[PDB]
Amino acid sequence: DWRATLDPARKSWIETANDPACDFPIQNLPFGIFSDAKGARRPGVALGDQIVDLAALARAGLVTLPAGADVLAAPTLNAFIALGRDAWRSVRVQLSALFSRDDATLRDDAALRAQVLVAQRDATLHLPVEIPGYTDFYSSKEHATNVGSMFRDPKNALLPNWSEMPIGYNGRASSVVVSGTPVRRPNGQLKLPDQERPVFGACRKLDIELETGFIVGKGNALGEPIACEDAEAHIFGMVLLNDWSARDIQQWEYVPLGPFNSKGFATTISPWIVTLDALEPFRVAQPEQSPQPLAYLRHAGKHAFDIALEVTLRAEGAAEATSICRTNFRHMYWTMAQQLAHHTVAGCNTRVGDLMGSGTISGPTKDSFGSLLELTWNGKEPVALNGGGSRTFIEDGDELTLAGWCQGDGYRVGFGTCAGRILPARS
């Protein structure tokens, strides 16, 4: 039923959706949470330059859900997501049908269109879900090899265990924020090479980390693992994820318990959840794994996704941003399924809304590394900026943007943006 909604020939009577460059064609239909002057934050779906007010659409009888508690009054999408995949699809199918160019029902009802659609330009976007937990993986071979090269000689860069399992840690949920939120430069302990003791001060190596994160759509009970083959059914959708990192703070704190303050000060995600169903046409073969992993981590078929990714940096007051990274999601060595299976193999429970980060996404070439640490090799080769100037690490006032999208024939399924501007550190 829902596979008809992936039809590239389908178009909307919301004309901005049919622009080839629009992130939000009728083929996409991501879910989010928005507010405007009409009302408090509530569920919406992006289409063209507009947002579909799901609650309003439901009140008008034009979208229906399982009988039960009203999940569209909620300030987050969790309750909706909890309803499960049949509901996600049912809603997607109704929306695709209603906003198809030839369905006159809502299109020719001007009065009702003015009540159920809201321009993105007049809306404010919020965190799409309440995140119960945030886990962050480490699944780009190229990233892991780059970073380990700064601690260990080339032969020792990738530790054996990295290739046996999708290495990961628990992130800090509380400090995950939505695109657009200004991010204050952190203070903390800095170890200088020529002083016995650390000093306290403003981070001098503030950095981005290009990642994607998936949102869990069905949890699992404590003590009951999710089989690698069932994993994707548990995933609702994806977002872009900037795991802001303070590299000088990190180096000094991270042994042996991992990064902590250096990453917990802020993590930014894009507002619109792109459903996995919408990514179906961009499913591709994941990289070959060698050595062949243990049985519990194996899966048949295609479990990677073809998502072009880009990072830009704009200095305060610059007329144009600088593209600093171009890469793709498809090169990740461990898949979402494998990460989710590994997360639960010991019995740990996942919950609706959980956020799971891919780890910094880095390709093989020098222009495809997903952090400035990598791009500038720890501040040794600075990046030239479009419009003059240069950078090693991020400077106060800079705006960092993540973008991502899947290229179809004459359309794209896009993620929107994942942005943030850096505020000066507290004194």
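Residue indices: 1-based, along the sequence shown.
Checklist entry - Out of 196 to 204 and 130 to 138, which one has CA B-factors that are higher on average in the deposited record? => result Mean C-alpha B-factor is greater for 196 to 204.
Checklist entry - Which is higher on average in the deposited entry, the C-alpha temperature factors of 321 to 329 or of 178 to 186? => result According to the PDB entry, the answer is 321 to 329.
Checklist entry - Among 74, 273, 295, 313, where is the Cα temperature factor highest, going by the PDB entry? => result Largest recorded C-alpha B-factor: 74.
Next on the checklist: Comparing recorded Cα B-factors across 54, 394, 383, 29, which one is largest?
Outcome noted: Answer, based on the entry's C-alpha B-factors: 383.
Item to check | Among modelled residues of the same chain, the CA temperature factor third for residue 122 | outcome: For residue 122, the deposited C-alpha B-factor lands in the highest third.
Next on the checklist: Per the entry's values, where does residue 423 land by CA temperature factor relative to the rest of its chain, in the lowest, middle or highest third?
Outcome noted: According to the entry, residue 423 has a C-alpha B-factor in the chain's middle third.
Item to check | residue 153 by Cα B-factor - lowest, middle or highest third of the modelled chain | outcome: For residue 153, whose C-alpha B-factor we compare with every modelled residue in the chain, the answer is the highest third.
Checklist entry - Once the chain's modelled residues are ordered by C-alpha B factor and cut into thirds, is residue 247 in the lowest, middle or highest one? => result Its C-alpha B-factor, which the entry lists for residue 247, ranks in the middle third among residues of this chain.
Next on the checklist: Can you tell me whether residue 365 has a C-alpha B-factor in the lowest, middle or highest third compared with the other modelled residues of the same chain?
Outcome noted: Its C-alpha B-factor, which the entry lists for residue 365, ranks in the highest third among residues of this chain.
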